[PDB]
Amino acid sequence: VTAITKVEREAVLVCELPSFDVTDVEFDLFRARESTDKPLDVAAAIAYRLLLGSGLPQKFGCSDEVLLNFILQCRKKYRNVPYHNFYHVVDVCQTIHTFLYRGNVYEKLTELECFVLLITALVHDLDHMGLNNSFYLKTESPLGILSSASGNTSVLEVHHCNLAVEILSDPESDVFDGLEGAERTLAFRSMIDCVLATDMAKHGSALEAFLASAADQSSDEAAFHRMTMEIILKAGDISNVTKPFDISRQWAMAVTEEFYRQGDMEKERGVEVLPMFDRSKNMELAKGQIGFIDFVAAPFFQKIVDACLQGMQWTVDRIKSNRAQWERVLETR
């Protein structure tokens, strides 16, 4: 990895974020990005401020400069795609911060685990190209062939972990360099476990395991911690429907356009195009959001909150308010 420069750091360090509270559940990243002509720097500054404000990097021997270096090394490996770009990972990082600290999920985890989760947010989609795992498998792309030959169908997630390990292999961007022995092993394993658990093909199994652990007062403690981390990163990843409506809608627009660009490529290659990826199906945003809410997000958030994460009740509340608002879009159309 090429070293991050003084000038790259300074460009983040000059951003002051006047009028934003990066800790708040109603924080608006889109408004942040509209606030200046250097939205990549502002986004990096948001992530930097979240991580320093937690007080965690300092505790684990991670200097301000190495933190910032890490952030910028992550930033350089996001692509200019509509949804899976740097702003998504910063959003996930900020969202996780709220679940840990406004939702009191920090109480279930060690400080190191909280630190790992915040850092893992920033790595969890590295070098996404706006195409899902299915695209690579269907088209027998080289990465798809490799995944199948090597026995792991989570095509992208293994790729993201690869790039995360590369970033962390240089002390100048290794936020875990202050760790050794068991703690360092836990930091890397937990980060990788969490990234691997973001594959939506494993959603139901991940959720069911967590719920069975939370219900068992004799669950293995280390396993419960790890599953809680996995579920929190998953929660962040499907959290767009938990945000104020207008934020939620802007995310939905970005994901829809990404999906449509995939579908356009699949059409060119003569492979199967799912309806949600087909521009010509012209699917209404409201109906798709209601469907994602009903079949994925509402039961996920309700189940985890009820099982164990009572402080995150607001997520269920906001999903219910967003669903009602989409229903009003349909009612008035």
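So that the term is clear: the rigid core is the largest set of C-alpha atoms that superpose within 1.5 Å between two forms. In case it trips you up, residue 1 is the first one in the sequence shown, and so on.
- In a rigid core superposition of the other structures in 8 other deposited structures of this protein, 55 to 63 and 282 to 290 differ in how far their CA atoms stray, and the farther one is 282 to 290.
- The mean C-alpha temperature factor is higher for 258 to 266 when 105 to 113 and 258 to 266 are set side by side.
- Higher average CA B factor: 273 to 281, of the stretches 273 to 281 and 58 to 66.
- Sorting the modelled residues of the chain by their CA temperature factor places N322 in the middle third.
- When the modelled residues of the chain are ordered by their C-alpha B factor, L118 lands in the lowest third.
- When the modelled residues of the chain are ordered by their C-alpha B factor, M253 lands in the highest third.
- Among all modelled residues in its chain, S154 ranks in the middle third by Cα B-factor.
- Ranked within its chain, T139 lands in the highest third, by CA B factor from the PDB record.
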